[PDB]
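Trainee: One structure is given below, represented as structure tokens, and several questions about it will come after.
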Amino acid sequence: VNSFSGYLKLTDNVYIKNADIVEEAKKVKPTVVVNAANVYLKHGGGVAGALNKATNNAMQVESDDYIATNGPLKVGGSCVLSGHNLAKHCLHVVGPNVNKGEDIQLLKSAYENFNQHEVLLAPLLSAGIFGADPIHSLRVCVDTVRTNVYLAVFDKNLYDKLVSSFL
Ligand SMILES: O=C1CC[C@H](c2ccccc2)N1Nc1ncnc2[nH]c3cc(F)ccc3c12
């Protein structure tokens, strides 16, 4: 048992809710919140901009030191950093950005990072401003992640479409 509330169960291990991931994280304080990161960990907008804003920019300060030491992430890759006031840890995962021409095939590699964590609160990777089809992202998530994932979908119309179209 865990403290996630109000989720619809899609599969043995995947759950989904219409929720603002920032407010969800603040309430639950999960062990792991996933960020929709880019390779430079520049949290400007989308999920990343919202999560970083909620940390009063501490996520960005930490991220800038990480990049100065380690260089950029790979598309499809990840790193574990602090969750600040939102979670124990933040798993920054880079899904492909279709609006940059990045290979959508890398979405499966991106979701594979979730399997290193027993339980996660997450957005749909490559959705939103990353330009991929969220229905596809949900399918890849269900077919790739084997650990317990709680998906927060900000947009109510999209959430309803994802549920109603789920196979
Ligand atoms: O709901 C959906 C459908 C997919 C889309 C998405 C876009 C970018 C990254 C990851 C997912 N997206 N966005 C969010 N999903 C969950 N919590 C969110 N908090 C936010 C706060 C904001 F200022 C802006 C957006 C969100 C947001």
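Following the order of the structure tokens, chains are lettered A, B, ..., residues in each are numbered from 1, and ligands are numbered from 1.
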Which residues form the shell of 7 Å around ligand 1 when you count only C-alpha atoms and all ligand atoms, given as a PyMOL selection string?
Mentor: chain A and resi 19-22+36+45-50+123-130+134+152-155+158
Trainee: Export, as a PDB file, in the first residue's frame, the selected residues with C-alpha atoms.
Mentor:
ATOM      1  CA  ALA A  19      -3.718  16.101 -11.884  1.00  0.00           C
ATOM      2  CA  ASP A  20      -1.084  18.816 -11.785  1.00  0.00           C
ATOM      3  CA  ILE A  21       2.130  16.903 -11.090  1.00  0.00           C
ATOM      4  CA  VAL A  22       3.413  19.808  -8.970  1.00  0.00           C
ATOM      5  CA  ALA A  36      10.381  15.905 -18.385  1.00  0.00           C
ATOM      6  CA  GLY A  45       8.723  25.421 -19.549  1.00  0.00           C
ATOM      7  CA  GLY A  46       6.286  22.565 -19.600  1.00  0.00           C
ATOM      8  CA  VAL A  47       6.522  20.129 -16.709  1.00  0.00           C
ATOM      9  CA  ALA A  48      10.170  21.037 -16.071  1.00  0.00           C
ATOM     10  CA  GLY A  49       9.476  24.756 -15.825  1.00  0.00           C
ATOM     11  CA  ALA A  50       6.601  24.091 -13.430  1.00  0.00           C
ATOM     12  CA  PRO A 123       4.261  12.742 -16.568  1.00  0.00           C
ATOM     13  CA  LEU A 124       3.853  11.193 -19.987  1.00  0.00           C
ATOM     14  CA  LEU A 125       7.272  11.441 -21.599  1.00  0.00           C
ATOM     15  CA  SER A 126       7.600  13.442 -24.814  1.00  0.00           C
ATOM     16  CA  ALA A 127       4.030  14.786 -24.437  1.00  0.00           C
ATOM     17  CA  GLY A 128       3.121  18.448 -24.130  1.00  0.00           C
ATOM     18  CA  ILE A 129       5.713  20.807 -25.585  1.00  0.00           C
ATOM     19  CA  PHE A 130       7.921  17.843 -26.576  1.00  0.00           C
ATOM     20  CA  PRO A 134       0.352  11.347 -25.747  1.00  0.00           C
ATOM     21  CA  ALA A 152      -0.299  12.688 -13.749  1.00  0.00           C
ATOM     22  CA  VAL A 153      -1.996  14.246 -16.788  1.00  0.00           C
ATOM     23  CA  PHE A 154      -2.569  17.994 -16.436  1.00  0.00           C
ATOM     24  CA  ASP A 155      -5.145  18.451 -19.209  1.00  0.00           C
ATOM     25  CA  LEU A 158      -6.489  14.760 -22.751  1.00  0.00           C
TER      26      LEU A 158
END
Trainee: Compile the contact shell of residue 7 in chain A as a ChimeraX atom specification: residues with an atom at most 7 Å away, counting only C-alpha atoms, same-chain residues fewer than 2 positions apart removed.
Mentor: /A:5,9,15-17
Trainee: Given the choices A:160, A:59, A:147, A:42, which gets closest to residue 119 in chain A if the distance is worked out from only C-alpha atoms?
Mentor: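 Result for the nearest residue to residue 119 in chain A: A:147.
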Trainee: Please list as a count of residues only every residue within 8 Å of range 104-112 of chain A, counting only C-alpha atoms and excluding residues in the same chain fewer than 6 positions away.
Mentor: 18
Trainee: At a cut-off of 12 Å, using only C-alpha atoms, what residues contact residue 164 in chain A? Leave out same-chain residues fewer than 5 positions from it and give the result as a ChimeraX atom specification.
Mentor: /A:8,10,135,157-159
Trainee: Just the number, please: distance in Å from CA of residue 64 in chain A to CA of residue 41 in chain A, one decimal.
Mentor: 7.3 Å
Trainee: Would you list the contacts of residue 85 in chain A as a ChimeraX atom specification, taking every protein, DNA or RNA residue within 8 Å and counting only C-alpha atoms, but skipping same-chain residues closer than 6 positions in sequence?
Mentor: /A:26,29,55
